[PDB]
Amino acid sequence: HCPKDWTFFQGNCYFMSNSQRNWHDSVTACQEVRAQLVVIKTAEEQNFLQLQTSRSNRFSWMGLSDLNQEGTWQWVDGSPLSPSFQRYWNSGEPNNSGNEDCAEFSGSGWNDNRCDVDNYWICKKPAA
């Protein structure tokens, strides 16, 4: 199914880092291994990731930013965060407190955080 250190879930493989980096450097680390800082396509996928991050008690980068235009959120695959999936924001988020343009998993939902924060991160590539 997937490489070692990677986890299969519904057709894709997921790598949970063992180190921390800013968002930009996390984007590239995923590219280094033919993967992408995770883009969420389905409810179940979010659910799964939300829980996996909660279990290890970690904040983790996903591939979602409003770096280009404040308030218009974008997947790293160049798609808009759809109205539907805006529901995954933690309450009161995204709040852009002191310019926060990179999404992290923060307990049960998403938080916009400073891009220069060192977080864990998640790569996704297909099982195939």
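Note that residue numbering follows the sequence shown and begins at 1.
When the mean C-alpha temperature factors of 53-61 and 66-74 are read from the deposited coordinates, 53-61 comes out higher.
Among all modelled residues in this chain, the alpha-carbon of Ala35 has a temperature factor (C-alpha) in the highest third.
Split the chain's modelled residues into thirds by C-alpha temperature factor. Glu100 is in the lowest one. Among the modelled residues of its chain, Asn90 has a C-alpha B-factor that falls in the lowest third according to the deposited record. When the modelled residues of the chain are ordered by their C-alpha B factor, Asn113 lands in the lowest third.
Looking at the C-alpha B-factors along this chain, the one for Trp23 belongs to the lowest third.
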